[PDB]
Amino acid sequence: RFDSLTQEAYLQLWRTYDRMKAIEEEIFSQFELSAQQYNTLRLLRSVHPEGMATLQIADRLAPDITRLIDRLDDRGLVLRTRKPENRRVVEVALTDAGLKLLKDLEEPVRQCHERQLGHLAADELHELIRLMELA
């Protein structure tokens, strides 16, 4: 968790979050995804072809991840397997089409990280210019 910052540094940290979040939402909206869905698909790529238990996905990223995964399952992007010896546990793995989607997203996401860094630096420079010029 975030320990005490001055109010001004704390508002700047939130502005950093808000700017980054908005740029990701705009790029992920084009693929009908959220960043949490991208983060699930990336996590499943790190163990592909093996699956991961729904609870372990939530722990590495909980009840909102089942609806999230339902959307990914309906799109054929992930495959669910109920553990035959423990029917409450659902393991989820990436499919070929989830791998393809992540390969198609590599360039848009890298550009999205470049736009984040650019806008963050401009926002910070606007505040720096303001502080230098009130002094």
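Throughout, we count residues from 1 along the sequence that is shown.
- Unmodelled residues of the deposited sequence between residue 53 and residue 54: none, the chain being continuous.
- Averaged over Cα atoms, the B-factor as recorded in the entry is higher for 81-89 than for the other of 25-33 and 81-89.
- With 63-71 and 101-109 compared on mean CA B-factor from the PDB entry, the stretch scoring higher is 63-71.
- When the CA B factors of the chain's modelled residues are split into thirds, the value for residue 58 lands in the highest one.
- In this PDB entry, residue 131 carries a Cα temperature factor that places it within the middle third of its chain's modelled residues.
- When all modelled residues of the chain are sorted by CA temperature factor, residue 47 is found within the highest third.
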